[PDB]
Amino acid sequence: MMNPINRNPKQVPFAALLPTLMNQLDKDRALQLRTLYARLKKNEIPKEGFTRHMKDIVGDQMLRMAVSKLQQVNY
């Protein structure tokens, strides 16, 4: 407590999630993700929509694993 250290959580961007996921996805799935991102860029779908849709493509398990590896932090 002599020298308190403040730490804050950090999250990786979706931009870095695409290539990681695309590498773990088949070309057909990767193409779906690619066009899905385009929808996000065009703002035709909400961020929640993007996340939800992404989960439907890679899966919740892959989604949490992808960010876990990118974060590379157990906690």
# chains A, B, ... in the order shown; residues from 1 in each chain; ligands from 1
>>> residues_around(residues="residue 40 in chain A", least_positions_apart="6", cutoff="8 Å", atoms="only C-alpha atoms", output="list in words")
residues 46, 47 and 50 of chain A
>>> closest_residue(among="A:56, A:74, A:65, A:2", to="residue 29 in chain A", atoms="only C-alpha atoms")
A:56
>>> atom_distance(atom1="CA of residue 54 in chain A", atom2="CA of residue 33 in chain A")
7.0 Å
>>> residues_around(residues="range 3-19 of chain A", least_positions_apart="2", cutoff="10 Å", atoms="only C-alpha atoms", output="compact mmCIF listing (two decimals) with N, CA and C atoms, in the first residue's frame")
# COMPACT_ATOMS: atom_id res chain seq x y z
N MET A 1 0.85 -1.23 0.00
CA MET A 1 0.00 0.00 0.00
C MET A 1 0.85 1.24 0.00
N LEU A 21 -10.04 -15.24 -36.29
CA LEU A 21 -11.17 -16.10 -36.49
C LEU A 21 -11.18 -16.63 -37.89
N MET A 22 -10.81 -15.79 -38.87
CA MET A 22 -10.81 -16.23 -40.25
C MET A 22 -9.84 -17.37 -40.41
N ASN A 23 -8.71 -17.33 -39.68
CA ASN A 23 -7.73 -18.39 -39.78
C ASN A 23 -8.26 -19.66 -39.16
N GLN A 24 -9.27 -19.55 -38.26
CA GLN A 24 -9.81 -20.72 -37.60
C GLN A 24 -11.11 -21.09 -38.25
N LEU A 25 -11.50 -20.33 -39.29
CA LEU A 25 -12.75 -20.59 -39.97
C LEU A 25 -12.47 -21.11 -41.34
N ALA A 30 -15.34 -17.90 -43.40
CA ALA A 30 -14.55 -16.69 -43.41
C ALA A 30 -15.19 -15.67 -44.32
N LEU A 33 -17.95 -14.09 -42.61
CA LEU A 33 -17.47 -13.14 -41.63
C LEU A 33 -17.03 -11.88 -42.34
N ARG A 34 -16.37 -12.04 -43.51
CA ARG A 34 -15.88 -10.91 -44.25
C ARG A 34 -17.03 -10.01 -44.66
N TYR A 37 -18.54 -8.23 -41.66
CA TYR A 37 -17.80 -7.06 -41.25
C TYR A 37 -18.17 -5.91 -42.14
N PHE A 50 -23.46 -7.23 -34.72
CA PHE A 50 -22.23 -7.77 -35.24
C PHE A 50 -21.73 -8.85 -34.33
N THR A 51 -21.71 -8.57 -33.01
CA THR A 51 -21.21 -9.54 -32.05
C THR A 51 -22.08 -10.77 -32.06
N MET A 54 -21.57 -12.64 -35.22
CA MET A 54 -20.26 -13.26 -35.23
C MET A 54 -20.31 -14.52 -34.40
N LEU A 63 -15.57 -17.76 -29.84
CA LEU A 63 -15.55 -16.35 -29.57
C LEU A 63 -14.79 -16.07 -28.30
N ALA A 66 -11.08 -17.01 -28.76
CA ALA A 66 -10.34 -16.09 -29.59
C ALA A 66 -9.90 -14.89 -28.79
N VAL A 67 -10.80 -14.31 -27.97
CA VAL A 67 -10.43 -13.13 -27.21
C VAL A 67 -9.51 -13.52 -26.09
N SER A 68 -9.66 -14.76 -25.57
CA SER A 68 -8.82 -15.20 -24.47
C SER A 68 -7.39 -15.29 -24.94
N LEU A 70 -6.10 -13.73 -27.60
CA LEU A 70 -5.64 -12.41 -27.98
C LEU A 70 -5.28 -11.63 -26.75
N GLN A 71 -6.10 -11.72 -25.68
CA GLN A 71 -5.81 -11.01 -24.47
C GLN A 71 -4.60 -11.65 -23.84
N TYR A 75 -6.87 -14.14 -16.23
CA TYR A 75 -7.96 -13.45 -15.58
C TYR A 75 -8.51 -12.42 -16.57
>>> select_by_dssp(residues="chain A", states="helix (DSSP H, G or I)", output="PyMOL selection string")
chain A and resi 14-24+27-41+47-58+60-71
>>> write_last_selection(atoms="N, CA and C atoms", output="compact mmCIF listing (two decimals), in the first residue's frame")
# COMPACT_ATOMS: atom_id res chain seq x y z
N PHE A 14 -12.12 -5.69 -32.46
CA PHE A 14 -12.71 -6.67 -33.34
C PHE A 14 -11.88 -6.79 -34.59
N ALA A 15 -11.13 -5.73 -34.93
CA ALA A 15 -10.31 -5.75 -36.12
C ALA A 15 -9.29 -6.86 -36.02
N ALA A 16 -8.74 -7.09 -34.80
CA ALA A 16 -7.74 -8.13 -34.63
C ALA A 16 -8.42 -9.47 -34.46
N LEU A 17 -9.75 -9.48 -34.26
CA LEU A 17 -10.45 -10.73 -34.06
C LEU A 17 -10.75 -11.36 -35.39
N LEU A 18 -10.99 -10.55 -36.44
CA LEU A 18 -11.34 -11.09 -37.73
C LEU A 18 -10.27 -12.03 -38.25
N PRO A 19 -9.03 -11.58 -38.38
CA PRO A 19 -7.98 -12.45 -38.91
C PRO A 19 -7.74 -13.68 -38.09
N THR A 20 -7.92 -13.59 -36.76
CA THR A 20 -7.70 -14.74 -35.93
C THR A 20 -8.79 -15.74 -36.20
N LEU A 21 -10.04 -15.24 -36.29
CA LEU A 21 -11.17 -16.10 -36.49
C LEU A 21 -11.18 -16.63 -37.89
N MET A 22 -10.81 -15.79 -38.87
CA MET A 22 -10.81 -16.23 -40.25
C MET A 22 -9.84 -17.37 -40.41
N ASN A 23 -8.71 -17.33 -39.68
CA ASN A 23 -7.73 -18.39 -39.78
C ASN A 23 -8.26 -19.66 -39.16
N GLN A 24 -9.27 -19.55 -38.26
CA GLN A 24 -9.81 -20.72 -37.60
C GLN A 24 -11.11 -21.09 -38.25
N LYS A 27 -13.12 -21.36 -45.44
CA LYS A 27 -13.23 -20.26 -46.38
C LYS A 27 -14.66 -19.81 -46.50
N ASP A 28 -15.63 -20.75 -46.46
CA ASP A 28 -17.03 -20.37 -46.58
C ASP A 28 -17.43 -19.53 -45.38
N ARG A 29 -16.99 -19.94 -44.17
CA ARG A 29 -17.35 -19.21 -42.97
C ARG A 29 -16.62 -17.90 -42.95
N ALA A 30 -15.34 -17.90 -43.40
CA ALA A 30 -14.55 -16.69 -43.41
C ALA A 30 -15.19 -15.67 -44.32
N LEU A 31 -15.73 -16.13 -45.47
CA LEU A 31 -16.36 -15.21 -46.40
C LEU A 31 -17.57 -14.61 -45.75
N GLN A 32 -18.32 -15.41 -44.96
CA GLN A 32 -19.50 -14.90 -44.30
C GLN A 32 -19.08 -13.85 -43.30
N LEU A 33 -17.95 -14.09 -42.61
CA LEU A 33 -17.47 -13.14 -41.63
C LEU A 33 -17.03 -11.88 -42.34
N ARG A 34 -16.37 -12.04 -43.51
CA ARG A 34 -15.88 -10.91 -44.25
C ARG A 34 -17.03 -10.01 -44.66
N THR A 35 -18.14 -10.59 -45.18
CA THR A 35 -19.25 -9.76 -45.60
C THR A 35 -19.96 -9.23 -44.38
N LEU A 36 -19.91 -9.98 -43.26
CA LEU A 36 -20.56 -9.55 -42.05
C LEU A 36 -19.89 -8.28 -41.58
N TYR A 37 -18.54 -8.23 -41.66
CA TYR A 37 -17.80 -7.06 -41.25
C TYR A 37 -18.17 -5.91 -42.14
N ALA A 38 -18.40 -6.18 -43.44
CA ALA A 38 -18.76 -5.13 -44.37
C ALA A 38 -20.06 -4.50 -43.92
N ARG A 39 -21.01 -5.33 -43.42
CA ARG A 39 -22.28 -4.82 -42.97
C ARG A 39 -22.04 -3.90 -41.80
N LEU A 40 -21.10 -4.30 -40.93
CA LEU A 40 -20.78 -3.50 -39.76
C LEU A 40 -20.17 -2.19 -40.20
N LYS A 41 -19.26 -2.23 -41.21
CA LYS A 41 -18.63 -1.02 -41.69
C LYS A 41 -19.67 -0.11 -42.28
N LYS A 47 -23.53 -2.89 -33.27
CA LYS A 47 -22.36 -3.56 -32.74
C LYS A 47 -22.81 -4.83 -32.08
N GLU A 48 -23.97 -4.79 -31.38
CA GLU A 48 -24.49 -5.97 -30.74
C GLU A 48 -24.85 -6.96 -31.81
N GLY A 49 -25.40 -6.46 -32.94
CA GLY A 49 -25.78 -7.32 -34.04
C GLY A 49 -24.56 -8.00 -34.58
N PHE A 50 -23.46 -7.23 -34.72
CA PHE A 50 -22.23 -7.77 -35.24
C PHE A 50 -21.73 -8.85 -34.33
N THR A 51 -21.71 -8.57 -33.01
CA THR A 51 -21.21 -9.54 -32.05
C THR A 51 -22.08 -10.77 -32.06
N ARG A 52 -23.42 -10.58 -32.03
CA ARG A 52 -24.33 -11.71 -32.01
C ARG A 52 -24.18 -12.52 -33.27
N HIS A 53 -24.09 -11.84 -34.43
CA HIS A 53 -23.97 -12.54 -35.69
C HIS A 53 -22.65 -13.27 -35.73
N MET A 54 -21.57 -12.64 -35.22
CA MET A 54 -20.26 -13.26 -35.23
C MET A 54 -20.31 -14.52 -34.40
N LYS A 55 -21.01 -14.47 -33.25
CA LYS A 55 -21.10 -15.63 -32.37
C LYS A 55 -21.78 -16.75 -33.11
N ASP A 56 -22.77 -16.44 -33.94
CA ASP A 56 -23.49 -17.47 -34.66
C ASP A 56 -22.59 -18.10 -35.70
N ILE A 57 -21.53 -17.40 -36.14
CA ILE A 57 -20.67 -17.94 -37.16
C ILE A 57 -19.56 -18.75 -36.53
N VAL A 58 -18.77 -18.13 -35.62
CA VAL A 58 -17.65 -18.84 -35.03
C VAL A 58 -18.10 -19.69 -33.87
N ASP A 60 -19.90 -19.43 -29.66
CA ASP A 60 -19.56 -18.78 -28.42
C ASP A 60 -18.23 -19.30 -27.92
N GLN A 61 -18.00 -20.62 -28.08
CA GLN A 61 -16.77 -21.22 -27.59
C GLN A 61 -15.59 -20.62 -28.31
N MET A 62 -15.68 -20.45 -29.64
CA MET A 62 -14.58 -19.90 -30.39
C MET A 62 -14.44 -18.44 -30.08
N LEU A 63 -15.57 -17.76 -29.84
CA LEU A 63 -15.55 -16.35 -29.57
C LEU A 63 -14.79 -16.07 -28.30
N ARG A 64 -15.09 -16.82 -27.21
CA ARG A 64 -14.41 -16.58 -25.95
C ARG A 64 -12.98 -17.03 -26.04
N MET A 65 -12.69 -18.11 -26.80
CA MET A 65 -11.32 -18.58 -26.90
C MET A 65 -10.49 -17.60 -27.69
N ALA A 66 -11.08 -17.01 -28.76
CA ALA A 66 -10.34 -16.09 -29.59
C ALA A 66 -9.90 -14.89 -28.79
N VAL A 67 -10.80 -14.31 -27.97
CA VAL A 67 -10.43 -13.13 -27.21
C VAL A 67 -9.51 -13.52 -26.09
N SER A 68 -9.66 -14.76 -25.57
CA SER A 68 -8.82 -15.20 -24.47
C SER A 68 -7.39 -15.29 -24.94
N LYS A 69 -7.17 -15.81 -26.17
CA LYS A 69 -5.82 -15.96 -26.67
C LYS A 69 -5.26 -14.61 -27.01
N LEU A 70 -6.10 -13.73 -27.60
CA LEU A 70 -5.64 -12.41 -27.98
C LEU A 70 -5.28 -11.63 -26.75
N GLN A 71 -6.10 -11.72 -25.68
CA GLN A 71 -5.81 -11.01 -24.47
C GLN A 71 -4.60 -11.65 -23.84
